[PDB]
Amino acid sequence: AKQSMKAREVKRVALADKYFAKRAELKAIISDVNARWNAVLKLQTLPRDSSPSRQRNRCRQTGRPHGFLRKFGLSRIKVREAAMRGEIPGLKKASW
Amino acid sequence: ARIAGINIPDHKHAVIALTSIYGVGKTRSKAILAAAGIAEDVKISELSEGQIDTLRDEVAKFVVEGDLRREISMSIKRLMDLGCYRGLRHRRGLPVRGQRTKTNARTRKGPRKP
Amino acid sequence: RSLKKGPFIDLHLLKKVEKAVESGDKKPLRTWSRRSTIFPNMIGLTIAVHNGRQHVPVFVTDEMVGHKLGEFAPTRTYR
Amino acid sequence: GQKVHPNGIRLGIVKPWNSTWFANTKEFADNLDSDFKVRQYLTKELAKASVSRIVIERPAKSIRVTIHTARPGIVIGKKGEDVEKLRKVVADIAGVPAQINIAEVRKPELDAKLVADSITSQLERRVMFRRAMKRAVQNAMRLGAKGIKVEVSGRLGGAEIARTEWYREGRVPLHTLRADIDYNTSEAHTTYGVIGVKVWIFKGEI
Amino acid sequence: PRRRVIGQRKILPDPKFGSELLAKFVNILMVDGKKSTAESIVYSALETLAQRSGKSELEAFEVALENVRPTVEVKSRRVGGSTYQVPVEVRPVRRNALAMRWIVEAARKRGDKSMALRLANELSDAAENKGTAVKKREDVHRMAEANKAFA
Amino acid sequence: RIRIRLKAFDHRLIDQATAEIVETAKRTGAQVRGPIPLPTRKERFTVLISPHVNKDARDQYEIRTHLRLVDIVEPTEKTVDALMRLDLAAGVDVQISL
Amino acid sequence: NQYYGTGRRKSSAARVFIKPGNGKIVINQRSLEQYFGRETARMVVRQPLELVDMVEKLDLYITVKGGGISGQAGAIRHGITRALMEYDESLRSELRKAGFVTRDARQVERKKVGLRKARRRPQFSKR
RNA sequence: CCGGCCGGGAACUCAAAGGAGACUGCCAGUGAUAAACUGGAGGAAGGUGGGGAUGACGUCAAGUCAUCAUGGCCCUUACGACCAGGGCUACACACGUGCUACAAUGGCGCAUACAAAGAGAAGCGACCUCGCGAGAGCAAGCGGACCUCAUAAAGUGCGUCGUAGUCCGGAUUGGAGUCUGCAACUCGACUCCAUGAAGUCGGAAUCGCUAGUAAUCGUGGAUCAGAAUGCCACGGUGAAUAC
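Along every chain, residues receive numbers from 1 upward following the written sequence, which is not necessarily the numbering found in the entry; those without coordinates are excluded from display. As they are written, the chains are lettered A onward and the ligands numbered 1 onward, keeping that order. Remember that the shown chains come from a larger assembly, so read each value as a statement about the shown part. Here the side-chain values reflect all heavy atoms present in the structure, with hydrogen atoms and water set aside.

Method of determination for the deposited model, per the PDB record: cryo-EM, at 3 Å resolution.

Per the PDB entry, the recorded name for chain D is 30S ribosomal protein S3, and the organism is Escherichia coli.

Chain C is annotated in the PDB entry as 30S ribosomal protein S19 of Escherichia coli.

So, in structure tokens, the structure goes:
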């Protein structure tokens, strides 16, 4: 049921939400040349689990990392099952 | 005529002759001709001696053949003195950039040996 | 091959290097980081790099100027 | 195994969508997740009430959910208090104000989901599955239309040779896009395994 | 292929000459959909052939196509011993189709510089009977006359 | 010269909604432009139909977001006071531009 | 005052407006030779005009869009044929005998799953 | 104000709903007076116009307990979890699917007119500036017929290379770097410079395709922090042959 995997995923989402977007938009601004330093020796001290690259877009029905779609937030099997059940609005089966 | 080579580059164009010389390709040959003032569409055959001398000075002001070849040689030798991953792949005859060796390593492997 | 605007040094690697040059000559200690950038100013360490099940010592010399610490530790075993 | 889902192929013209709301992508994903959470908890709470369908409409800070039910009195409870209570907890789990709606479905043994749920409950009670299918097809013919097909699959008497039994009288034209075939599936858990029941039935003349 | 006949597909004649036969020659010489390149090659080679010949181009081109095209086609029907070669009356569509196919194949086999020059040399050698496609035609003809059985 | 833009999954629902919109604009009489056929956006997804392995078997889905714009240019005081609560449709997305 | 014909050739749509005037034509604010008269498939826009054989009788003005060069040429030709439809029905019978009246129903085919191209199957070995 | 300029029915492409239309309908011949077959007029398509979805009862104890669920068995102070490194990317070989080419139908420099389908806010990001470069800032516009991706390319005009292992092809290798991400040695893509293996159209054998098809040339999307020669999808040119 990969509940360990999903708990790891939601824990790194929570830790990235806690250590992101408070100074992350100023990283490139401080680092880049404005048209070594104590500032950059402080900037190279950030941890590794806080980055959004740690996250993997997993399904929310199952937690399966493969076959994901961003618009439905689901794996391919459960996208198909919800589409055939009618639980997804507007997802008529294409026929062109 | 000829500068430092085994075969005559004449009866051709100047960019082709300065690609046939070792260590200078097409873009650096065009740079050499632009800094020498020699047009590209003329032939290196039936060229005057002074223009050939300016071409010789243009080749000499950058790194010449042989010297860049031994520079590559001691770069590879320095990697072997390191004994790092690049030096180990150079000794084993395996690719260095990081491509696969399960199949399609045949340029580094040479001909196929059973 | 990396960015020319900033080298990558670990903070734990930097404090090991600073403590080792504070002490002077020292027997090798086991370091687990292979992601490192060395310098000619700090050429002279005897720090050892971990590659899986075996640990190998690394004695850096004068000619390496920007190489990784993991290049000298072979991760794979061949016959 | 090789059949298309007939509701999923009838959604374009005949079967209405089970959710009819609109959303753009970055809330479309969250609306599907909240729709599954609401539907799963509502089905778990009202499996005793034996509901047929759960239809969700959202104006993007509100939810209004319509439950097609065989017995509306069980869901509305005692003077609206119980239905107000699960409306409250649906609002609490969705984060938006919630409206409740009850739609009575007539002929519960002609309703497609309730036949699968009743056969599932009968196999939980461990009566004979063959008699369960004969009672389902007999009651559908007695009090409704003239076409239904039931398939009961998996661990039928514990036989080594796998065998799927399906019972047949009436017409179920699945390739015809005009006809309103309602189809549903259900799973019955027993000490020898899980049994899958799939029912197709049409309701009315065009 | 089995139930009923499916005919060949109708083509636009060439702009410069207005001949469906020459447009079919363009379509046969064609590779990879490059109709403009193929018809430019055909126009250049026909201009070169007309310049080299100097006689009536229509009469000369029919003499060349008659010298190239086969009057008896080779066919294996796998009936007796799985190798027969019966002589049978040939369609004119098959005649000029095999003619352009052999002319184009001999143009690919010829080792000159430009394909317009290959085609000009092949169309001149068709008239003066020195063609590789012509020699292929007598290969076909002598095979048919050697293996003809029902006559 | 304000424009009302409408998005839906069901074209019948959006056409009935904009028909009631133009009927409420024209129920007394005014110089009102009708809804425009602004193009429908199609999201198409090809996903695998088997859980384990597929080679040729995939199922294909499409969302059609239908898009209309009515562009009310004539000001009427009763239309402004009561052009709300006409369609009462929960599947219609409404935006206002100028 | 105006004689109009649309014409369509599977990705190209044209609009042909004709006054009775000088025989020089214009296509997308430039002449035929400046647009694709150097290119191939140039004679198809002359085929309805040379089949009936008027040259300087009428004055054409064509705006074409979409597709490629030969699709645009076929669309311009077919807009000329709808202009001759607007002209008369005896010439409609003559163009139906020739083969220019019919709009070409040959569109490109969709790419299908499990296939490299529209109809090209991937190669599979015997084993 | 040469940038589609603004009152204009909106003529017209176009988009997007309601419909009409094409149903052997009408006429000749064939067929037994039947079904039906063939041909012709009209017409945008004539004989399920084209394509797609739609895949019956069942077979292969075919595949998935690794998407999920579940019967039995097993660990449950270790067949569980958290970590730092590494491996999933190895390499004397063998096979399958593709990409690039072996060249003149082509290679290099300049000029030149279009496409269709799309996606874009933890984004798309024109344009200012510098650089023979991947590309570096508070730059407008857009949550989408407006703004961006986005210069379409084969092709067409030239100048040149003149049938060579070559102005063909790019493998491999060495220097100097960008972008992404805390961090590209194992183990991302590229461009700046240099070298230029094999390759001379491939044996037995074998594969796809009947028309907008095969070939050939570009483009977009999914997953994606960044990374497709694969997959899905769209358009340009567009055959030959079915006796």
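**Q** Got a minute to help me understand the protein's contact with RNA strand H in this structure?
**A** By nearness alone, 180 residues border RNA strand H, and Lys93 of chain A, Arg28 of chain B, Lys5 of chain C, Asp32 of chain E together with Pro37 of chain F come closest of all. Distance and chemistry together define a polar contact, namely a pair of N or O atoms within 3.5 Å, with one atom able to donate a hydrogen and the other to accept it when in protein, and with adjacent residues in sequence counting only for side-chain atoms on both sides. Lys109 of chain B places a polar side-chain atom, nitrogen or oxygen, 2.6 Å from a sugar or linking oxygen of RNA strand H. Residue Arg41 of chain F places a side-chain N or O atom 3.1 Å away from a base nitrogen belonging to RNA strand H. No other element matches strand β2 (residues 36-48) of chain F, which puts 8 residues into the surface near RNA strand H. When residue character is reported, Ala, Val, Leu, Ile, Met, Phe, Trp, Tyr, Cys and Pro are called nonpolar, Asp, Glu, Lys and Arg charged, and the others, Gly included, polar. Each residue belonging to the surface near RNA strand H can be placed in one class, and the counts come to 49 nonpolar, 55 polar and 76 charged. Throughout, near means a residue has at least one heavy atom within 4 Å of the molecule or strand. In this description a helix means any DSSP run of H or I spanning at least four residues, a strand means any run of E spanning at least two, and both kinds are numbered starting from the N terminus.

**Q** I tried to follow unusual backbone geometry on my own but got confused; where do I start?
**A** If a residue is not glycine, its phi is most likely negative; likewise, a peptide bond is most likely trans. Positive phi, close to 55 degrees, is recorded for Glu46 of chain B, a residue that is not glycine. Along the chain, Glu46 of chain B turns up in the loop between α2 (26-36) and α3 (49-61). The phi angle at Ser50 of chain D is positive, at roughly 60 degrees, despite the residue not being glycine. Topologically, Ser50 of chain D is positioned in the loop between α2 (25-45) and β1 (51-57).

**Q** Where do I start with the domain arrangement of chain D in this structure?
**A** Residues and elements named next belong to chain D. Residue ranges assigned to each domain were obtained from an automatic or database domain assignment. The domain boundaries assigned to chain D delineate domain 1 (16-106) and domain 2 (107-206). A C-alpha centroid distance of 26 Å is found between domain 1 and domain 2. Counting residues at the interface gives 6 residues for domain 1 and 6 residues for domain 2. Accessible surface is computed with a 1.4 Å probe, and the buried area is the amount of it that two parts give up when combined, taken over both parts together. Interface of domain 1 and domain 2: buried area, both sides summed, is about 460 Å²; carbon and sulfur atoms make up 55% of it. For domain 1, the biggest contributors to the area lost against domain 2 are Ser52, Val105 and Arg106; these three give 67% of the whole. Counted as salt bridges are all cases of a side-chain nitrogen of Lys or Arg within 4 Å of a carboxyl oxygen of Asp or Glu. The interface formed by domain 1 and domain 2 contains 0 salt bridges. Linking domain 1 with domain 2 are 1 residue pair in polar contact. Of the residues that constitute the side of domain 1 that touches domain 2, the class distribution is 3 nonpolar, 2 polar and 1 charged. Contacts between residues were defined by any pair of non-hydrogen atoms, one from each residue, lying within 4.5 Å.

**Q** How should I be thinking about the side chain of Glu9 of chain A in this particular structure?
**A** Residues and elements named next belong to chain A. Turning to its location among the elements, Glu9 is positioned in helix α1 (residues 3-18). Residue burial is assigned from relative accessible area. The probe radius is 1.4 Å, only protein chains are included, and a residue is buried under 20% of its type maximum, exposed over 50%, and partly exposed in between. By the counting rule applied here, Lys and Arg register as positive and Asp and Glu as negative, while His and the ends of each chain are not counted. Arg58 is the oppositely charged side chain nearest to the buried, salt-bridge-free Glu9, at an N-O distance of 4.0 Å. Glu9 has contacts with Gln55, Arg56 and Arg58, leaving out every residue within four places of it along the chain.

**Q** What is the right way to look at the interface of chain D and chain A in this model?
**A** Note on interface size: it is often stated as the accessible area lost on association of the parts. The interface is formed by 18 residues belonging to chain D together with 17 residues belonging to chain A. Roughly 1600 Å² of surface becomes buried between chain D and chain A when both sides are summed, with 61% attributable to carbon and sulfur atoms. In terms of surface lost to chain A, no three residues of chain D exceed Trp17, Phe28 and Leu32 of chain D, which account for 30% of the buried area on that side. Note that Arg60 of chain A and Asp33 of chain D form a salt bridge whose closest N and O atoms lie 3.8 Å from each other. Linking chain D to chain A there are 7 residue pairs in polar contact.

**Q** Help me understand the pattern of salt bridges in this model?
**A** It is possible for side chains of opposite charge to pair when their charged atoms get near one another. Residue and element names in this part refer to chain F. Taken as a whole and assessed by the stated rule, the structure comprises 34 salt bridges over all chains. Note that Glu43 and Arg41 form a salt bridge whose closest N and O atoms lie 3.0 Å from each other. Taking relative accessible area as the criterion, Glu43 reaches 23% and is therefore assigned partly exposed. Exposure remark for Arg41: the relative accessible area of 43% places this residue in the partly exposed category.

**Q** Just checking my understanding: could you explain the sheet that holds strand β6 (residues 181-190) of chain D for this structure?
**A** Strands belonging to one sheet form pairs held by backbone hydrogen bonds; the direction of such a pair is parallel or antiparallel. Residues and elements named next belong to chain D. Two strands are said to pair when DSSP picks up at least two bridges between them. Across the sheet, 4 strands lie side by side as β5-β4-β7-β6; this open sheet has antiparallel pairing. Among the strands making up the open sheet, the edge pair consists of β5 (165-170) and β6. Taken pair by pair, the neighbouring strands of this sheet meet at an average axis angle of 10 degrees, ignoring direction. As paired elements, strand β4 (residues 147-153) and β5 share 6 bridges and run antiparallel to each other. Paired with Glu151 across the bridge in β5 is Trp166. Its contacts with the sheet place helix α5 (residues 112-124) against β4, β6 and β7 (193-202), and it is angled at close to 20 degrees to β6. Each axis is a line fitted through C-alpha atoms, and for a helix only the stretch in contact is used; angles between axes span 0 to 180 degrees, taken between their N-to-C directions.

**Q** Help me out: how do you make sense of the nonpolar core in this one?
**A** For soluble globular proteins, nonpolar side chains are generally found buried alongside one another. Core analysis: the largest hydrophobic core is formed by 36 residues, its most contacted members being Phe72 and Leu91 of chain A together with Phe28 and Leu42 of chain D. Of all the elements in the fold, those that place two or more residues in this core are α4 (76-85) of chain A, α2, β1, β2 (63-69) and α4 (81-94) of chain D together with β2 and β3 (58-69) of chain F. For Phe28 of chain D, the contacting residues outside a window of four places in its chain are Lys71, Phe72, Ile88 and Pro89 of chain A, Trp21 and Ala23 of chain D together with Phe9 and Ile63 of chain F. Here the nonpolar core consists of buried residues drawn from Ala, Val, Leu, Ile, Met, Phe, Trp, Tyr and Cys, with membership extended through side-chain atoms lying within 4.5 Å.

**Q** Can you help me understand the environment of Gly111 of chain E in this one?
**A** Of note, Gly111 of chain E is situated in the loop between α4 (92-109) and α5 (115-127). Under the relative-accessibility criterion, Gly111 of chain E is labelled exposed at 70%.

**Q** In this structure, what is going on with the arrangement of the chains? I would like to understand it.
**A** Out of 8 pairs of chains that touch, the pair holding the most contacts is chains A and D. There is a gap between chain D and chain E: no contact, and a shortest C-alpha distance of 29 Å. Separated throughout, chain C and chain F approach each other most closely at a C-alpha pair spaced 33 Å apart.

**Q** I would appreciate a short explanation of α4 of chain E in the present structure.
**A** At 3.6 residues per turn, the α-helix brings residues three or four places apart onto the same side. Residues and elements named next belong to chain E. When the terminal C-alpha atoms of α4 are compared, their 25 Å separation across 18 residues agrees well with the 26 Å that a helix rising 1.5 Å per residue should span. For α4, the full list of buried residues reads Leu98, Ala99, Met100, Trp102, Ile103, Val104, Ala106 and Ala107. Buried residues belonging to α4 abut α1 (20-29), α3 (57-68), α5 and α6 (132-147). Expected span of a helix: the number of residues minus one, times 1.5 Å.

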